[PDB]
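Undergrad: Chains A, B, C, D, E and F are the protein sequences, given in the same order.
Note that this note's numbering gives residue 350 to position 191 of the first sequence, counting from 1, and the numbers run on in steps of one.
Note that this note's numbering gives residue 274 to position 256 of the second sequence, counting from 1, and the numbers run on in steps of one.
Note that this note's numbering gives residue 381 to position 301 of the third sequence, counting from 1, and the numbers run on in steps of one.
Note that this note's numbering gives residue 58 to position 32 of the fourth sequence, counting from 1, and the numbers run on in steps of one.
Note that this note's numbering gives residue 28 to position 26 of the fifth sequence, counting from 1, and the numbers run on in steps of one.
Note that this note's numbering gives residue 107 to position 43 of the sixth sequence, counting from 1, and the numbers run on in steps of one.
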Amino acid sequence: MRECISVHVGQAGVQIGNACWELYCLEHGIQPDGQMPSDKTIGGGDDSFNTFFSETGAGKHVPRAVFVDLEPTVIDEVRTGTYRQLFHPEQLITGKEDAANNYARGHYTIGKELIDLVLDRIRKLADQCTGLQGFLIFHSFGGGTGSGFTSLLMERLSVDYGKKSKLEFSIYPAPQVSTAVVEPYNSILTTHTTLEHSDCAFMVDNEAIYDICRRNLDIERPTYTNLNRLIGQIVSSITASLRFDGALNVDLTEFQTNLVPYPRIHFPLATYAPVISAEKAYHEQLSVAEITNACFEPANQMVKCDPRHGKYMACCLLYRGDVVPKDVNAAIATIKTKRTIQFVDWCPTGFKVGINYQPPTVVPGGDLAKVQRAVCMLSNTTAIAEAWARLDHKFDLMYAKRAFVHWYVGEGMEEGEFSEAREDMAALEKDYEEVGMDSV
Amino acid sequence: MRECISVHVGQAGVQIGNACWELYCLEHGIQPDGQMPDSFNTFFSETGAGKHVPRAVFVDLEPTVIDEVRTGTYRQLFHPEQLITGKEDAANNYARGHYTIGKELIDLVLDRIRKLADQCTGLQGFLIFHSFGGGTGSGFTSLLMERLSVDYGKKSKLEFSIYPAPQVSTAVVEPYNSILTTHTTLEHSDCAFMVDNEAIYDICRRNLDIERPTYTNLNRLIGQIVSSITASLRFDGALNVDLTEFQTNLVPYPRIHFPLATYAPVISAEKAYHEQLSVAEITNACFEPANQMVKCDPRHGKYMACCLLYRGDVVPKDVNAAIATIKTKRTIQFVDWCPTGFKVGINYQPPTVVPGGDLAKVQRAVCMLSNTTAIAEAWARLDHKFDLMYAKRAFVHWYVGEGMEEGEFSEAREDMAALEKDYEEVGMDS
Amino acid sequence: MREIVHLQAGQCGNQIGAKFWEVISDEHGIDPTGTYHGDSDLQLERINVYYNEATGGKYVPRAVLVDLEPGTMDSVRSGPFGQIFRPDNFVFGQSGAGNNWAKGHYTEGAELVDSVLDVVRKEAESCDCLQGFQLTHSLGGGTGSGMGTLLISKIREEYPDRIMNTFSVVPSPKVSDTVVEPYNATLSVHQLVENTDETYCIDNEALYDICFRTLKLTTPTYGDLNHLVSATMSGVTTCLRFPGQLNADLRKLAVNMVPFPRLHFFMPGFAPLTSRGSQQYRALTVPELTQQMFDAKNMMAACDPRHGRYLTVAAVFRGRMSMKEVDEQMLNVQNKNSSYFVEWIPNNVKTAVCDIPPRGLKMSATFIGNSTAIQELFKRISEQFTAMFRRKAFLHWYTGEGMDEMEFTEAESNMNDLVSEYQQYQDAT
Amino acid sequence: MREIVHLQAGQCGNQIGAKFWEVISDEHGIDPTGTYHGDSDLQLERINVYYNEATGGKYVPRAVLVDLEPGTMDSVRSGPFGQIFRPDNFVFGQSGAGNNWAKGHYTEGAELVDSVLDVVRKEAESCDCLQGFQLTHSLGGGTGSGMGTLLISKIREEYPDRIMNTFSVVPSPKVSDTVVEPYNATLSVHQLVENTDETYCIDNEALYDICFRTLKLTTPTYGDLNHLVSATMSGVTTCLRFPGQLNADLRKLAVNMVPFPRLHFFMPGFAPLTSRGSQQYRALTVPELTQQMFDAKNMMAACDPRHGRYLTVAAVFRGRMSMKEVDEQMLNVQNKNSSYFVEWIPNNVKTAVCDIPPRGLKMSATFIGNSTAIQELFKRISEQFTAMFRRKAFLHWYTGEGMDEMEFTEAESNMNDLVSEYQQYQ
Amino acid sequence: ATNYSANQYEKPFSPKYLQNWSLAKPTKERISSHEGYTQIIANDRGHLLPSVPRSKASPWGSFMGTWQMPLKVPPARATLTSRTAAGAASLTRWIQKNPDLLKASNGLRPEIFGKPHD
Amino acid sequence: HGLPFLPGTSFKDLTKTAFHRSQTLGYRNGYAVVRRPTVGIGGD
Ligand SMILES: Nc1nc2c(ncn2[C@@H]2O[C@H](COP(=O)(O)OP(=O)(O)OP(=O)(O)O)[C@@H](O)[C@H]2O)c(=O)[nH]1
Ligand SMILES: Nc1nc2c(ncn2[C@@H]2O[C@H](COP(=O)(O)OP(=O)(O)OP(=O)(O)O)[C@@H](O)[C@H]2O)c(=O)[nH]1
Ligand SMILES: Nc1nc2c(ncn2[C@@H]2O[C@H](COP(=O)(O)OP(=O)(O)O)[C@@H](O)[C@H]2O)c(=O)[nH]1
Ligand SMILES: Nc1nc2c(ncn2[C@@H]2O[C@H](COP(=O)(O)OP(=O)(O)O)[C@@H](O)[C@H]2O)c(=O)[nH]1
Ligand SMILES: [Mg+2]
Ligand SMILES: [Mg+2]
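1) Taking only beta-carbon atoms, is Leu20 of chain E less than 7 Å away from chain F?
2) For the structure I just gave you, are there three or more beta carbon pairs, one from the stretch 266-273 of chain C and one from the stretch 291-299 of chain C, closer than 8 Å?
3) For a minimum of 4 consecutive residues, which ranges assigned as the alpha helix (DSSP H) are wholly contained in the stretch 107-163 of chain B?
4) Residue range of the beta strand (DSSP E) that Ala585 of chain A falls in?
5) Find the residues of chain C that neighbour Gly63 of chain E, judging by a C-beta separation of less than 7 Å, and give them in chain order.
6) Under 6 Å from any heavy atom of ligand 5, does the C-beta of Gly270 of chain A make it?
7) Can you grab the Cα-Cα spacing for the pair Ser252 of chain C / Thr358 of chain B, in whole Å?
8) Check distances from the C-beta atoms of the stretch 314-327 of chain B to those of chain C and list, in chain order, the residues that come in under 7 Å.
9) Report all residues from its chain with a CB closer than 8 Å to the CB of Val447 of chain A; omit the five preceding and five following residues, and keep chain order.
10) Per DSSP, which residues does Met190 of chain D bridge with? Please list them.
11) For the beta strand (DSSP E) containing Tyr369 of chain A, name the first residue and the last one.
12) Since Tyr478 of chain A is in the beta strand (DSSP E), which residue starts that stretch and which ends it?
13) Does the beta carbon of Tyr91 of chain F come closer than 7 Å to any beta carbon on chain C?
14) Since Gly270 of chain A and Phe297 of chain A are thought to touch, with beta carbons under 8 Å apart, how far apart are those beta carbons, to the nearest angstrom?
15) Taking Cβ-Cβ distances shorter than 7 Å, what residues in chain F pair up with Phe15 of chain E?
16) From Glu278 of chain C to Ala334 of chain C, what distance separates their C-alpha atoms?
17) Report buried or exposed for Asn125 of chain D, applying the criterion of at least 16 other Cβ atoms within 10 angstroms of its Cβ.
18) If we define contact as Cβ-Cβ less than 7 Å, is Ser202 of chain D a contact residue for chain A?
19) Run through DSSP, which three-state label would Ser329 of chain A get?
20) Looking at chain E, is there any beta carbon in it that lies within less than 7 Å of the beta carbon of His422 of chain D?
21) If you drop the 5 nearest sequence neighbours on each side, which residues of the same chain put their C-beta closer than 8 Å to that of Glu438 of chain B?
22) Would a check of beta-carbon distances place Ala339 of chain B closer than 7 Å to chain F?
23) Can you pull the chain B residues whose beta carbon is under 7 Å from the beta carbon of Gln163 of chain C, in chain order?
24) Which residue wins for smallest C-alpha separation from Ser428 of chain B, given the options B:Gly421, B:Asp315, B:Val444, B:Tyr408?
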């Protein structure tokens, strides 16, 4: 039971998938060639891997993942790497020519070309699950296939699968740095068309994770390998109440009902507290209440917007390690007494707790410390209403002179979809306003 | 007892019968010189000299295909009169293959079948292998099935055929032949399973990783479908299926006898390592349009009947559970007047790997023979290309001048123009 | 002295017959060659209910195996107990049936019914006081349904006072193992309703569900479903074979069961069936046989008796037990559950008690229920039959051997009137 | 003869209900395998109240373990007492609730209610004289509160004059372990008003205020907080199982507690718990069990009776003590401190003496008290419902199953009535 | 075809219980009765008769492809509560103006539960 | 050692590092399969 079908899309999605699936192989017993070291028990000893790994007859475990891209050069070091024998070859879908930072190329022209091939592969992985909790989506708004085809993945998921839970992690574009020039046209048009189709949507951006690896860990110059390692330690802590023994269990269904109050507002923000270096855990005792306070800290946040600008609509705390169910209570009661955190008026209950026994795993040659307790957090805040205002700013900028609009009009797409998907977002800017008013 | 007489007509019949009979020698113990170093009686017949000789008749009008059989490896296995050759071929012509050249050789094949029907005690029925495109596979074959009916009666006449492909084709004059033989066998044939060469090209490219295949990679896949149809007359099973069981469960109307063919767990030996091949995984992949053997899509029409032929290490509940998942999906949609739908058959002998072959060694298998309304495009596209050339009388002098009146072009186009309406109205609601 | 002649038709009847004769040979201590190797002396007293005696102490069964081709009786001979059946009791033809009721009834089965009648008349004129005949067959094929009903009609025109008893594998509701089932199912139900004295209804979905939720077999086979059918087959005829404190034969079960002549289709069940490793969680007493005979997810029939009303109920017990407990529970369930029991019959349950439990158990029990909630079978078959028949769906195959067009009409009117007869006795005051 | 058929629902019920069968089994001498290895004959004389007989001299509980996803019953099966349960008793679905009441009540639970009421109907009719059921569940969750109210609703219509208890775990006043708590807990007290005979309120901070302040546990898990719930699930049901100088079954405490039928929310306690080094300092007499039943800080309900008036009182005792001394203290606490007792009942306290103490203990004592200081548990859930509800907070997760808006109106207003129904007597 | 109901045993054949996590084909809970002889609605070789009222729908079944599927597909769930009246009206009009999506074989079976705030 | 079963007599086992959980309760074709616990918590 408890199966989860991971869907990775884009070069960002593939390179995040390579980080997570190395973590999952080490977390259970799996080698890089599929096999366990021999189980040395009677029959099947441990069946904990069934949420992520299947099993053939012979003793080979094949992941429940689909790796999607439109450029061939990203999957061809998954196919000829260390983990080239773990993946069944047909799970890794490549195109022949990529979407080239166009939403329109990735939605109408090249994405429709490749949609029905990968919705045959997710049928086969969803007919192997006795109980399916829900999918996972790993994308980035910036690219063509990370925005265009990913937004059309969610739309044809809603037709076929109904009200099945479709989570998504995302790389929202950064405020100061940026890869590309055409990213506001991409990022606006996909938040408009995934808006009624997605259940939940966690966001991080790469500039904030830059601020932690340089500062909290003692690793100057972090490559994307060090950022992708931290993303796998959030996905693992979301799904470790499904595989390892817990005191309080949390599913993948208890996040949408506890952080998404209103239909247009499904945008929580991730945080992970004891990300620390091996020279500076020789000195610090990591208690249960010492790592609770450091999910609310604006430095240790994982997006480049301060929660103090807004109001905490809810929370979701994920405690992982050697904790006590009483010292979880002994820290939450403290946090509510500060006046530098401010819960919204119509949420007097606030929280959602989760306690799990298996401590977080040490990857050989990784970044962090061998730590005995940890906390993950997904919190939903009104302080994201400052993030679309820096995206309405850079859409209306290049749209009032209509730069780059010819690269989307002749690419199979009419032009009135530009001047309505920024009007559609214009209600969402006032919709985040009225939940910021107190009920006088 | 429970014998089967194969008839192979044409180069596309002989070259399939070199890869069917290589399997049957090897599935039993038979060496390629006839000696065994008692289930072979459905296909072999023991002589008093220890030497097993097959029940088959190979027919061609050209000597350059059968003289490879008479020189190759299996030259001691075949009786010298079980391989019949002419001197001039039919040359992609319906008229030569039916009237002038095929008539000088039709009276000698029925001499050979009459001897092979006098040794079988309980004969199930005949099997035909031909090609619609050729001259002898389409002209002479439509002369066998007319003369088989009056001489043998209500015996079962199954047939396999290479239907023309939607884009690729060998010849120019193939739509004149593919209409003129469908019209004249439409009342004289029982069931016609159809594969086409283009959809098997798209399986050996995609399922196996064989870029640039050859006909010998295609004749071996067809031989694994013929082997799983007669698999229950030879090996012990839990639900037997005869050769009589197929006409009664897939032919709802006497003008509608064109099913399709699908054989599910075709994989390579580098992918049998990676995946389990349970009963539900191979049942779900028969109904998948990427794995069919004609380039027609069953989602754009209504199913009419199905027939599942399981084979190997299978269990009755995994058959029953996997069917009930097919009956729940919204994409497998049935016709108004078929509420039951299915036929099942369970055998025990797992499939046999051929040395030099391509498929992996597997432990379960499914062969599905489904009848669908989605074939209505396959005749309507072929009806365009008959009409397109014949509207200004092209290639007709190659047909009138050899024993053929000209009016058989207007009536064989009138007659199949009723078949397109015939498929249309049986899927229409009430 | 009370001999029972066995008739097996079709491949379903042949495999069920092979497993059933293996069960009886185990019960009476007959080894796979034919010689008695038993323990008690009760095993050898009334062995003549099933086994004819030959010279040299060999016991040959009183069974007739019928098929339209010998492709199944090769497999019957090559089994473990294939050597005990007499070689002359196998009747076969040259050409198959082909899932065709018309070829089973008129064309091919007419040339074989004479040979089968010769064999069964030879076995019937060797019994000192014969009781009747059993037929085990399937309502989906061509040999089992067509030729089987031809045999039933020609047996009941010649021996019209004896008992005719059928075990019929009626079609399943979810998955049908033949496209053209409901034609054969209708045309066989129309014959059974005239020419049988009792008919038990068996469904394979019910057998799968019992072998998964109750016996907890991971991979059941037909070699286990046939064991379930045989174990409830040889439990309705124990009191002819073993002593007891309240005997009951098949005539007595029919007399106490069927109140009207057109209403003789029954729903079986078998009590002490229990799991593999859950033997140490369950006691084996009479209330623990009662609550499992009468459980509605235990029927072998895929019809829920809670939609309707139990016309009559029979319970056949095996073992050394107490009459107070037996009669106490068969009254107690009736008084506690009184919307599923008709009121114009004041007591509904007939109880028989035999002495010798099956070889391995302490107690056993079998249940045979006659309900007006078996009409869902006939309503579902009637609706699928009219769906195909209104459009001439497969009708040329049947019509081309001399079948009329009025025969489908009269069969569907007969089954629909039988449905209305059930509903009248459900809704009667 | 006086059988009690146990029920347990959800990830709170299957963690309360797993330790409770580890405190009864050792109380009666039952191994992990199931066999009896006892050292008396009172350990087997009246064991049929909870334990069915199995074959071979082996005993099996009447637990019906219920869940909506079986993850939280794989951990229960792998413990030290996982093989004692009959595996047919496990009820479980495929996908859970998501802490959503309607999905547990209307949508996913209702597809699993007919498989539960086969199991209880197979056990409620295998009793010689059934006394009544139980239920251990939490109001904060989705399948504890959600279908666990559908269970009481659809068995009060089939056995309508037996006993139906519930050990609730109603939510907490400081920290809430689900955001959507006041929608679930308001909508479920409204069900329990017209559907239970008794109901005990348990808050999880009042269990924390014992193991830190009183038991002195530095690291108290939920193992040592389930062990306090299961040490008062057995005090209420002891006089059934063990002989007495004065007896009290479940009905007699129900008769002597509820003056009006809408008023059936109680607050438990348990006396002789003591700290680590203070066991050698303890006096061992009878009036030091009356100190710690009645000490206003050790209730399991986080509602101080100093705000309220004791409508009635219970007391159950375990040991061989004296009937003069038990009755003397009930005269003592009623006549010193008589501003906390109602005036139109002149003796509020019901007493009962079992004889067989818990193993290792020389005496023991259990309490149940019915108060007007328990309506403040129902005020606090009201304003956190009607703050959350007047701006239509989480309602699309609930109304999107097809609910009505006026159904929230009565479950507010029925709970507003019982707030003012209790409030006459203060 | 028509699905039916194994009356006792419908729970093993429930579509989510056979690992089919999508929308599925519904079943017939109640079978209606009839009597007599059934009229042959269709003449030989499968033609429907002239005066039998044929259905208005297409003969070939309505499968909506990819290049046939409408652009800007409406959502599967749309509860209207906690919405403005004009926004809920725009959502219902979005659902309304695509009758070809909601009528297909593989069509969107939506949800409109609740009333928006006036 | 030697303690009775009272509300304050349970102690941790700090030398245990794997707390994996197994799939005993599960489904099948359509059937709620509940199979015998081979291992405990952690693979032991
Ligand atoms: N956090 C994180 N972001 C990444 C990573 N790799 C790439 N990105 C982001 O990737 C975005 C650029 O688009 P991509 O996802 O790389 O490209 P794509 O999805 O294949 O789309 P096209 O190149 O247009 O076809 C930038 O916004 C980067 O921030 C990564 O490993 N971690
Ligand atoms: N699958 C398969 N198809 C074949 C094979 N050989 C020929 N064909 C098909 O045969 C068609 C050409 O007609 P043939 O059957 O080869 O020639 P023929 O029947 O002898 O006709 P004539 O040469 O005029 O006497 C082509 O369309 C091919 O599709 C074969 O070995 N395997
Ligand atoms: N219970 C059971 N059913 C069987 C067996 N063999 C075949 N069947 C059933 O028989 C039906 C098909 O009828 P069939 O046996 O072919 O009839 P025949 O043509 O007379 O042999 C299907 O519904 C199968 O489920 C068996 O060994 N046991
Ligand atoms: N006493 C106790 N309370 C618990 C336990 N687990 C959760 N709770 C409480 O129960 C609520 C959580 O509901 P839960 O039972 O997990 O949801 P459910 O599984 O849907 O019934 C919160 O109020 C928790 O404080 C436990 O093991 N023991
Ligand atoms: Mg790219
Ligand atoms: Mg040629």
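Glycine included, every Cβ here is placed at the ideal spot set by N, Cα and C.
TA: In short:
1) yes
2) The way I'd put it, the stretch 266-273 of chain C doesn't touch the stretch 291-299 of chain C; fewer than three beta-carbon pairs between them come closer than 8 Å.
3) 121-134
4) Careful: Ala585 of chain A lies outside any beta strand (DSSP E), inside the alpha helix (DSSP H) at 582-593.
5) Under the 7 Å cutoff, chain C gives no residues; its nearest Cβ is about 17 Å from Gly63 of chain E.
6) no
7) 10 Å
8) Within the stretch 314-327 of chain B, the residues whose Cβ lies closer than 7 Å to some Cβ of chain C are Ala323, listed in chain order.
9) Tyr478, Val482, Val483, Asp486, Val487, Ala489, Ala490, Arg532
10) D:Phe159
11) Looking at the DSSP string, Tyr369 of chain A is not in any beta strand (DSSP E); the run it does join, the alpha helix (DSSP H), is 365-372.
12) 476-480
13) no
14) 17 Å between Cβ atoms; not a contact.
15) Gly94
16) 7 Å
17) Using a 10 angstroms sphere on the CB of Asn125 of chain D, the tally of other CB atoms reaches 16 or more, which defines it as buried.
18) Chain A contact via Cβ: present.
19) Strand at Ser329 of chain A.
20) yes
21) Listed in chain order, the non-local C-beta contacts of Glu438 of chain B below 8 Å within the same chain comprise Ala394, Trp397, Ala398, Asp401, local neighbours out to five positions each way being set aside.
22) yes
23) Simply none; closest approach about 17 Å.
24) B:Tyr408
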